[PDB]
Amino acid sequence: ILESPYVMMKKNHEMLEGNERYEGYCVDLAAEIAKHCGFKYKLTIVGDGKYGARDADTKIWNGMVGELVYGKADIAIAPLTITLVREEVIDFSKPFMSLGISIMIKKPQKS
Amino acid sequence: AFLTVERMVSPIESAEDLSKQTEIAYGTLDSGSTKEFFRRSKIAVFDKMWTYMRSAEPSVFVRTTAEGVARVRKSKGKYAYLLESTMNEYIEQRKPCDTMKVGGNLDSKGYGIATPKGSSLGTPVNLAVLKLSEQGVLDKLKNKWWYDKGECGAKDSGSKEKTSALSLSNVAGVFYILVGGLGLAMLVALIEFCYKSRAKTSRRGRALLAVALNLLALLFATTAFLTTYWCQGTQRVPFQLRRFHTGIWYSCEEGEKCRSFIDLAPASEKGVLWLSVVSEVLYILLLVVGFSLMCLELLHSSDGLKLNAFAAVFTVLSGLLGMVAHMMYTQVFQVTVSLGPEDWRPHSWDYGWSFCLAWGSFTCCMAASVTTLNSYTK
Amino acid sequence: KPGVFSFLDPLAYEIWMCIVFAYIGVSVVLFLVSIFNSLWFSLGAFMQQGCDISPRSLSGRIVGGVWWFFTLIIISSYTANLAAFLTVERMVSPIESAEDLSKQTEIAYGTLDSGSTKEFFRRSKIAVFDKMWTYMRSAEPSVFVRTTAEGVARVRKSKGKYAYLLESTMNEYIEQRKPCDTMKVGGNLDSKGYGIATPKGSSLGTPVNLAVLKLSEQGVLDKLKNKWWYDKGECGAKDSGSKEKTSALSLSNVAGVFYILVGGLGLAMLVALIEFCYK
Amino acid sequence: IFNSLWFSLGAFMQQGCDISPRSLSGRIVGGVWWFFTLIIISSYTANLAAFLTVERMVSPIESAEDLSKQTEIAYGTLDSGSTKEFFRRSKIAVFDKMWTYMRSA
Amino acid sequence: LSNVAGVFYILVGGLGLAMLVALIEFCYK
Ligand SMILES: C[C@H]1CC[C@]2(OC1)O[C@H]1[C@H](O)[C@@H]3[C@H]4CC[C@@H]5C[C@H](O[C@H]6O[C@@H](CO)[C@H](O[C@H]7O[C@@H](CO)[C@H](O)[C@@H](O[C@H]8OC[C@H](O)[C@@H](O)[C@@H]8O)[C@@H]7O[C@H]7O[C@@H](CO)[C@H](O)[C@@H](O[C@H]8O[C@@H](CO)[C@H](O)[C@@H](O)[C@@H]8O)[C@@H]7O)[C@@H](O)[C@@H]6O)[C@@H](O)C[C@@]5(C)[C@@H]4CC[C@@]3(C)[C@@H]1[C@@H]2C
Ligand SMILES: O=c1[nH]c2cc(C(F)(F)F)c(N3CCOCC3)cc2n(CP(=O)(O)O)c1=O
Ligand SMILES: O=c1[nH]c2cc(C(F)(F)F)c(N3CCOCC3)cc2n(CP(=O)(O)O)c1=O
Ligand SMILES: O=c1[nH]c2cc(C(F)(F)F)c(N3CCOCC3)cc2n(CP(=O)(O)O)c1=O
């Protein structure tokens, strides 16, 4: 999914092609897995813009998980939060980035 | 009392402060796992925060994340926002950089590489995560994509001085009256070098000016006797907008309209207002006593200074009762704002325009006095 | 420990210079009334001690009034700021990040003499962590302690000028244990995770892995973290954070004015003896 | 020695004295001790202001939640009885923390 | 301002009491 600073567009993405058009934190990670596991890769943006939630009515995964479960996608290198119900259908690796809910407030003003 | 309470206030760090305070609001996105987290959490701090946010009117829940960015920025620190810490790093790097991340994480969540279940790639990719995290190349890219991409500093976050002392800029508004009093005095010294150098019209022409300043002192007395509007009384509700333009006695409201609304509550304040009318009338009457004795000087210009010495008594006793009367009304007008003036309170609370004028009536009563005792020296 | 420069706290160092700069700009004006004499008559208008030259009703009365009005403002403001320091008393920590330890050298810092943490700085390629390891391999005497409790006591005995690097969850717990004279500052230097391990290929491995994502989802782990770090913690933080109700003035604060007291006297004794030779 | 003993009281705190050693070394001697004494007294004001405020800042405790909040004033029950048993049994976190304190007291 | 206002009545009241003193001492002379 196009998220800063994980997957971003180039200023000259029209001057680039394919995987070159994309940039960010997860984009450099995609090079390192290819350096580790030896494969060519295709960075694809998710169509619906969803992270891969589950429906409650159809119980159909949308998003990246629906691209992973239904054979549309080969792998995901993306800010995907590891939950219980997501591991029920696919397999995460170990987490590369621990995080949590944080408090954004204003900075103390210089007046 | 200022500098202590200013230093007594601690910035909030933990979310337990948000369960403790209520002045700074706080919210999450209107849909997502983060809002779901407080909805689900059983910890009493997180439950109380969710109890607040479900009772938060107006709604702290924003629709986009950038809406939560701007709503913190526009509310000026009295609205907080809860978001993902790695994104909270990056937005703090993005300019204007007027927000910041405080405290630790509220929970533990992890981004991890996902494969379809049963794929052959899943195991060496999982080993690749434990390789790159071991070598810190992820942290090197975290330094890249948050701090080599960060607009506001990489280490400049630690450049904000923590609890330092009183600023020089606190003492800069008195510098312009310091230097400005010096340059105004240099005009006085150079002209008095020419007043020593260029040299019945002395005692008479200054005494007629003392009569002339009392004539202006009479007119600004009558000017604030009916103020055009004492305050722009604003109750601009985004109901609808309200613009009271209330005089000193008649409370006009404004399409054009005017009413009296004289003599509000309370009764002890009424006896102050009945005493306020006394100091208004004794101000103007002792002017007229001061006019009549100076018209005897006009007959002396056609006793003398002995009655002008008696005339200087009542003109000072005029203006001092005006200094009573100027303090009778505005203290009461401060008292009426403490009542919450029944439907006509100002939010542009600002004295208007004849009260600055009847100020100058008093100094015309006293500038008449300083020159009529100058003629008393002879 | 306060002292000389610490007396000058309630008025800032730029304000100490600008109060003396605008001081001498006033005294040149009163020389035109009667530069050489009015330098002390500006000290007559410094705070108190009403001076003898009175520029009666000319412009020097205005110059003699405004600076006199200016200085009575400050000594009120200096007293009000001093009362703020003498009542609030927020003892701030000196350092937060480990980049400060790459920046300062007065407070030492170390790890255990053997372990992955010492190995981490030995391996790290980040220049801050590399400089810290460059310091610690050059640290004489050795900052590396042999047990973790030795690293606890060496911080406690060195009185703040020795820091120590350890695991943050243990750093929570030792800060809870009395005397509680140590504390944890800053965030983590890296990301490490404790995780439940099974032998490879065991049948239990998958639902146990699902059990971790269940309990972390429900915060029962955090409830036990509240249990085993804060219901087991001896020094309750906000219960211990609100404990200071102390009292009367020190003497090192006044002692910084003694050196400008005696130093102004001995400098004046040079002036009197040479003016006995200028006569 | 004979006169300036009171002119040192002229430079004691206030009351600007009549002998003025105009611009010689006595102007420096008359200035520094005068500068010295205004220090003591401004700090004496701020110390006393730090006294009476904090004296009035301290509220007497009224609830037992204060005893779960403070630790300077100790608190206990009888060594045997239903009252001690009450804190031993109570599930409210304020009363539980008080019992946690008193078993660790 | 009400805190200061209690000192205004002893301000102005000290002035009007003094004006009685000055006029009678003009007759004591
Ligand atoms: C408009 C839409 C709306 C929604 C929708 O309607 C219209 O409904 C959706 C519906 O949901 C459809 C999906 C249903 C689920 C389907 C799953 C299917 O993959 C399945 O079968 C394998 C691929 O065919 C997968 O795994 C393969 O790829 C790797 C995954 O990591 C495996 O590792 C590899 O196994 C090994 O293969 C040999 C080598 O060792 C290695 O290459 C590899 O390690 C497998 O590749 C093949 O492996 C062979 C041996 O296993 C078999 O060919 C078969 O594996 C087993 O497959 C079993 C399936 O019954 C079979 O019984 C068994 O005998 C087979 O051995 C598999 O092909 C396996 O993970 C998975 O289960 C996928 O390709 C298509 C799929 C997503 C479908 C795509 C289209 C949809 C989404 C439909 C469509 C969107
Ligand atoms: O797996 C998930 N990964 C996510 C990753 C990110 C980002 F930070 F951009 F990487 C975000 N954003 C932060 C704020 O909301 C807008 C975008 C949301 C994510 N959500 C949605 P949740 O349900 O609210 O957690 C997921 O589900
Ligand atoms: O898997 C490991 N788990 C560990 C867990 C802990 C503890 F915190 F006690 F749980 C500690 N300590 C840190 C505090 O002082 C006492 C020992 C060391 C650990 N080590 C050794 P490393 O090689 O230095 O990392 C491991 O290897
Ligand atoms: O029924 C009971 N009635 C009680 C009545 C009283 C008194 F106040 F004297 F009336 C007291 N005291 C108060 C303190 O202890 C000494 C005497 C104890 C009582 N107890 C004992 P408990 O188990 O500590 O409650 C009971 O059981």
# chains A, B, ... in the order shown; residues from 1 in each chain; ligands from 1
call {"tool": "residues_around", "arguments": {"residues": "stretch 30-41 of chain C", "least_positions_apart": "3", "cutoff": "7 Å", "atoms": "only C-alpha atoms", "output": "number ranges by chain"}}
result
C: 27, 44-45, 51, 55, 60; D: 23
call {"tool": "interface_residues", "arguments": {"of": "chain C", "to": "chain D", "cutoff": "8 Å", "atoms": "only C-alpha atoms", "output": "list in words"}}
result
residues 37, 40, 43, 48, 49, 50, 79, 80, 82, 83, 86, 87, 238, 239, 240, 242, 243, 245, 247, 248, 249, 254, 257, 261, 264, 265, 268, 271 and 272 of chain C
call {"tool": "closest_atom_pairs", "arguments": {"of": "chain B", "to": "chain E", "cutoff": "12 Å", "atoms": "only C-alpha atoms", "output": "CSV"}}
result
residue,atom,partner,partner_atom,distance
B:309,CA,E:23,CA,11.9
B:310,CA,E:23,CA,10.7
B:313,CA,E:19,CA,9.3
B:314,CA,E:19,CA,11.2
B:316,CA,E:16,CA,11.2
B:317,CA,E:16,CA,8.9
B:319,CA,E:12,CA,11.8
B:320,CA,E:12,CA,8.1
B:321,CA,E:12,CA,9.1
B:322,CA,E:12,CA,11.8
B:323,CA,E:12,CA,9.7
B:324,CA,E:12,CA,8.7
B:327,CA,E:5,CA,8.8
B:328,CA,E:5,CA,9.9
B:330,CA,E:1,CA,10.1
B:331,CA,E:1,CA,7.4
B:332,CA,E:2,CA,10.0
B:333,CA,E:1,CA,11.8
B:334,CA,E:1,CA,9.1
B:335,CA,E:2,CA,9.6
call {"tool": "write_last_selection", "arguments": {"atoms": "N, CA and C atoms", "output": "compact mmCIF listing (two decimals), in the first residue's frame"}}
result
# COMPACT_ATOMS: atom_id res chain seq x y z
N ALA B 309 -7.98 81.26 44.10
CA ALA B 309 -7.51 80.22 45.01
C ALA B 309 -8.67 79.41 45.55
N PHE B 310 -9.83 80.03 45.72
CA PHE B 310 -11.02 79.30 46.13
C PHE B 310 -11.61 78.53 44.95
N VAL B 313 -9.88 75.18 44.40
CA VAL B 313 -10.27 74.14 45.34
C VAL B 313 -11.35 73.26 44.74
N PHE B 314 -12.43 73.87 44.25
CA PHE B 314 -13.60 73.10 43.83
C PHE B 314 -13.38 72.41 42.49
N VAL B 316 -10.52 70.99 41.60
CA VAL B 316 -9.86 69.75 41.98
C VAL B 316 -10.85 68.82 42.66
N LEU B 317 -11.73 69.37 43.51
CA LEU B 317 -12.76 68.56 44.14
C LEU B 317 -13.81 68.10 43.14
N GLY B 319 -12.82 67.09 39.87
CA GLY B 319 -12.19 66.01 39.13
C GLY B 319 -11.85 64.79 39.96
N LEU B 320 -11.61 64.98 41.26
CA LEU B 320 -11.38 63.83 42.14
C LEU B 320 -12.65 63.02 42.31
N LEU B 321 -13.80 63.69 42.43
CA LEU B 321 -15.08 62.98 42.43
C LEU B 321 -15.39 62.39 41.06
N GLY B 322 -14.80 62.94 40.00
CA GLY B 322 -14.82 62.25 38.72
C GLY B 322 -13.94 61.03 38.72
N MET B 323 -12.77 61.13 39.37
CA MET B 323 -11.92 59.96 39.55
C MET B 323 -12.58 58.93 40.46
N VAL B 324 -13.44 59.38 41.37
CA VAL B 324 -14.38 58.46 41.98
C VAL B 324 -15.31 57.90 40.91
N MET B 327 -14.25 55.41 38.47
CA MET B 327 -14.03 54.11 39.09
C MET B 327 -15.33 53.51 39.62
N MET B 328 -16.36 54.34 39.77
CA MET B 328 -17.66 53.81 40.19
C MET B 328 -18.27 52.96 39.08
N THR B 330 -16.87 51.61 36.11
CA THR B 330 -16.15 50.53 35.44
C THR B 330 -15.93 49.33 36.35
N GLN B 331 -15.76 49.58 37.65
CA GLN B 331 -15.80 48.51 38.62
C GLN B 331 -17.16 47.83 38.62
N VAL B 332 -18.23 48.63 38.62
CA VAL B 332 -19.58 48.09 38.43
C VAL B 332 -19.71 47.41 37.08
N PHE B 333 -19.13 47.99 36.03
CA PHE B 333 -19.20 47.34 34.73
C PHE B 333 -18.36 46.08 34.71
N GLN B 334 -17.30 46.03 35.52
CA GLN B 334 -16.63 44.77 35.78
C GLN B 334 -17.51 43.84 36.62
N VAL B 335 -18.27 44.39 37.56
CA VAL B 335 -19.16 43.58 38.40
C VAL B 335 -20.29 43.00 37.56
call {"tool": "residues_near_ligand", "arguments": {"ligand": "ligand 1", "cutoff": "7 Å", "atoms": "only C-alpha atoms and all ligand atoms", "output": "PyMOL selection string"}}
result
(chain A and resi 69-72) or (chain B and resi 116-121)
call {"tool": "residues_near_ligand", "arguments": {"ligand": "ligand 3", "cutoff": "8 Å", "atoms": "only C-alpha atoms and all ligand atoms", "output": "NGL selection string"}}
result
:C and (112 or 114-119 or 147-149 or 166-167 or 169-170 or 194)
call {"tool": "atom_distance", "arguments": {"atom1": "atom CA of residue C:207", "atom2": "atom CA of residue B:113"}}
result
19.8 Å
call {"tool": "interface_residues", "arguments": {"of": "chain B", "to": "chain C", "cutoff": "10 Å", "atoms": "only C-alpha atoms", "output": "PyMOL selection string"}}
result
chain B and resi 1-10+37+40-43+103-104+106-109+133-137+139-140+143+155+158+162-171+174-175+177-179+181-190+192
call {"tool": "select_by_dssp", "arguments": {"residues": "stretch 219-266 of chain C", "states": "alpha helix (DSSP H)", "output": "ChimeraX atom specification"}}
result
/C:220-226,237-241,252-266
call {"tool": "decode", "arguments": {"residues": "stretch 218-293 of chain B", "atoms": "C-alpha atoms", "output": "PDB file, in the first residue's frame"}}
result
ATOM      1  CA  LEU B 218     -17.004  70.480  30.401  1.00  0.00           C
ATOM      2  CA  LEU B 219     -17.500  69.065  26.900  1.00  0.00           C
ATOM      3  CA  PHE B 220     -15.859  65.684  27.479  1.00  0.00           C
ATOM      4  CA  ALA B 221     -17.888  65.471  30.692  1.00  0.00           C
ATOM      5  CA  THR B 222     -21.057  65.720  28.604  1.00  0.00           C
ATOM      6  CA  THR B 223     -19.529  63.386  26.008  1.00  0.00           C
ATOM      7  CA  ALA B 224     -19.385  60.354  28.293  1.00  0.00           C
ATOM      8  CA  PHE B 225     -22.633  61.514  29.909  1.00  0.00           C
ATOM      9  CA  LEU B 226     -24.171  59.704  26.911  1.00  0.00           C
ATOM     10  CA  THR B 227     -21.617  57.293  25.461  1.00  0.00           C
ATOM     11  CA  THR B 228     -22.403  56.270  21.875  1.00  0.00           C
ATOM     12  CA  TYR B 229     -21.477  52.676  22.756  1.00  0.00           C
ATOM     13  CA  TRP B 230     -19.506  51.653  25.846  1.00  0.00           C
ATOM     14  CA  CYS B 231     -18.624  48.184  24.532  1.00  0.00           C
ATOM     15  CA  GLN B 232     -19.008  46.295  21.307  1.00  0.00           C
ATOM     16  CA  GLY B 233     -21.079  43.604  22.963  1.00  0.00           C
ATOM     17  CA  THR B 234     -20.396  40.473  20.970  1.00  0.00           C
ATOM     18  CA  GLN B 235     -22.301  37.206  21.327  1.00  0.00           C
ATOM     19  CA  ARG B 236     -21.363  36.013  17.839  1.00  0.00           C
ATOM     20  CA  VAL B 237     -22.741  32.485  17.955  1.00  0.00           C
ATOM     21  CA  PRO B 238     -21.699  30.448  14.866  1.00  0.00           C
ATOM     22  CA  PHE B 239     -27.830  30.499  16.788  1.00  0.00           C
ATOM     23  CA  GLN B 240     -26.448  33.540  14.982  1.00  0.00           C
ATOM     24  CA  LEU B 241     -24.214  36.562  15.433  1.00  0.00           C
ATOM     25  CA  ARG B 242     -24.939  39.282  17.997  1.00  0.00           C
ATOM     26  CA  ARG B 243     -23.484  42.810  18.153  1.00  0.00           C
ATOM     27  CA  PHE B 244     -24.552  44.841  21.168  1.00  0.00           C
ATOM     28  CA  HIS B 245     -23.449  48.471  21.057  1.00  0.00           C
ATOM     29  CA  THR B 246     -24.479  49.541  24.542  1.00  0.00           C
ATOM     30  CA  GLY B 247     -23.808  53.093  25.688  1.00  0.00           C
ATOM     31  CA  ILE B 248     -23.086  54.220  29.219  1.00  0.00           C
ATOM     32  CA  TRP B 249     -26.779  54.242  30.227  1.00  0.00           C
ATOM     33  CA  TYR B 250     -28.810  53.258  27.158  1.00  0.00           C
ATOM     34  CA  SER B 251     -28.052  49.682  26.092  1.00  0.00           C
ATOM     35  CA  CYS B 252     -28.417  49.831  22.334  1.00  0.00           C
ATOM     36  CA  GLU B 253     -28.278  46.598  20.340  1.00  0.00           C
ATOM     37  CA  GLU B 254     -27.506  46.073  16.677  1.00  0.00           C
ATOM     38  CA  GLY B 255     -31.214  46.227  11.809  1.00  0.00           C
ATOM     39  CA  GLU B 256     -30.665  49.250  14.026  1.00  0.00           C
ATOM     40  CA  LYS B 257     -32.208  49.205  17.507  1.00  0.00           C
ATOM     41  CA  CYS B 258     -31.642  50.827  20.886  1.00  0.00           C
ATOM     42  CA  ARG B 259     -32.956  50.191  24.397  1.00  0.00           C
ATOM     43  CA  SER B 260     -32.246  51.507  27.881  1.00  0.00           C
ATOM     44  CA  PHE B 261     -31.628  48.462  30.143  1.00  0.00           C
ATOM     45  CA  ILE B 262     -30.524  50.856  32.888  1.00  0.00           C
ATOM     46  CA  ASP B 263     -29.990  49.844  36.548  1.00  0.00           C
ATOM     47  CA  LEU B 264     -29.444  46.059  36.530  1.00  0.00           C
ATOM     48  CA  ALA B 265     -29.215  43.827  39.611  1.00  0.00           C
ATOM     49  CA  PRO B 266     -28.010  43.625  42.559  1.00  0.00           C
ATOM     50  CA  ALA B 267     -29.253  45.994  45.282  1.00  0.00           C
ATOM     51  CA  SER B 268     -25.914  46.550  47.020  1.00  0.00           C
ATOM     52  CA  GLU B 269     -24.516  47.289  43.566  1.00  0.00           C
ATOM     53  CA  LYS B 270     -27.571  49.515  43.020  1.00  0.00           C
ATOM     54  CA  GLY B 271     -26.582  51.661  46.000  1.00  0.00           C
ATOM     55  CA  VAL B 272     -23.169  51.901  44.388  1.00  0.00           C
ATOM     56  CA  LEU B 273     -24.944  53.035  41.204  1.00  0.00           C
ATOM     57  CA  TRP B 274     -27.019  55.531  43.190  1.00  0.00           C
ATOM     58  CA  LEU B 275     -23.700  56.679  44.646  1.00  0.00           C
ATOM     59  CA  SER B 276     -22.299  56.636  41.096  1.00  0.00           C
ATOM     60  CA  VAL B 277     -24.872  59.227  39.982  1.00  0.00           C
ATOM     61  CA  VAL B 278     -23.858  61.442  42.927  1.00  0.00           C
ATOM     62  CA  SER B 279     -20.201  61.471  41.863  1.00  0.00           C
ATOM     63  CA  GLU B 280     -21.234  62.210  38.265  1.00  0.00           C
ATOM     64  CA  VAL B 281     -23.316  65.254  39.212  1.00  0.00           C
ATOM     65  CA  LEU B 282     -20.851  66.613  41.784  1.00  0.00           C
ATOM     66  CA  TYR B 283     -18.211  66.377  39.054  1.00  0.00           C
ATOM     67  CA  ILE B 284     -20.190  68.612  36.700  1.00  0.00           C
ATOM     68  CA  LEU B 285     -21.603  70.975  39.346  1.00  0.00           C
ATOM     69  CA  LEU B 286     -18.204  71.828  40.816  1.00  0.00           C
ATOM     70  CA  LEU B 287     -17.079  72.604  37.280  1.00  0.00           C
ATOM     71  CA  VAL B 288     -19.866  75.207  37.073  1.00  0.00           C
ATOM     72  CA  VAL B 289     -18.854  76.622  40.463  1.00  0.00           C
ATOM     73  CA  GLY B 290     -15.356  76.784  38.993  1.00  0.00           C
ATOM     74  CA  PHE B 291     -16.696  78.539  35.900  1.00  0.00           C
ATOM     75  CA  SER B 292     -18.572  81.189  37.906  1.00  0.00           C
ATOM     76  CA  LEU B 293     -15.603  82.263  40.030  1.00  0.00           C
TER      77      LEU B 293
END
